[PDB]
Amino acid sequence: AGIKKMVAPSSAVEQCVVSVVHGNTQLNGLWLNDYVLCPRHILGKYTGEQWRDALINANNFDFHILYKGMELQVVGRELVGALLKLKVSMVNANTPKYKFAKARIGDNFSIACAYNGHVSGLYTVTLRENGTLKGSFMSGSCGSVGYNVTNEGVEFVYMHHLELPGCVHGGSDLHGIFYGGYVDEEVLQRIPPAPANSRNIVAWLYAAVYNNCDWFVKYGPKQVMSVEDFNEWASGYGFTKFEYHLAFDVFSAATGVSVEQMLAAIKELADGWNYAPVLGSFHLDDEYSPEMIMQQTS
């Protein structure tokens, strides 16, 4: 029992994290095969077609790359979306089996938070409705990657670029595509809102029942709210339309609590509560994917 934010083990990622320094810009890259990927603002702060011109005019010898104190010489440079791809003269002999994948809204993945080309800390994030994260990043952490680990190998899903006002973090996939409607420029940007993820909240409320925290359904006469009714309510109250997940078949069977009881709970609990904590909290938590809860309950 117990419910925690589960990070994936980082050994395969650590063997790929490098520093990349150009001028006064210090950030991190990802070394796979014979190349390093890093955010294109390693070049400086540009917009639009200025990135291509900054690429043409840069010199490979001006990019200083280290892996654990060993220099990697840059022998080619190219832009890949919002990333620079720097070919280097040495193959990473510890390149893991890997794929590049896109995170889906509501998914968790793990951040290998790095400074000076060394991973300093790992943590879980959740991809929000507007393609942002609530992470923990300071100057020097750009190029930190987000990843998952499966039976097949590592999946790299994210590389960090920027912090929007309100501590809203933004980045790209490893093909250099930004995850939401923001760009890597220090100008004000209007971005769609981030409604609470109802699906994830249902997973967390099941987690609570698994852990004998069930006052919000076991006390008071049973209530249910239909999906249709819940969706119409949710659209006016800053929650996402409900989406089903196969985990809920397992959870509902094991707990005896239906999905419709959980939707009615969300509506009742949506302004918070003070009766008793739910998994330590007095507000609904949308940060856990159904996968993360299943891995800790069954």
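Don't overthink the numbering: it's just position in the shown sequence, from 1.
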| query | finding |
| --- | --- |
| Per the entry, higher mean C-alpha B factor between 108 to 116 and 172 to 180 | 172 to 180 |
| Greater mean Cα temperature factor according to the PDB record, 95 to 103 or 197 to 205 | 95 to 103 |
| Residue selected from 121, 76, 165, 146 by maximal Cα B factor | 165 |
| Identity of residue with top Cα B-factor, from 223, 136, 126, 151 | 151 |
| Position of residue 87 among the chain's modelled residues by C-alpha B-factor, lowest, middle or highest third | middle |
| Ranked C-alpha temperature factor of residue 281 among modelled chain residues, by third | middle |
| Third of the chain, ranked by Cα B-factor, where residue 12 sits | highest |
| Where the record places residue 215 (Cα B-factor, split into thirds across the chain) | highest |
| Within-chain third of residue 68 by Cα B-factor, per the entry | highest |
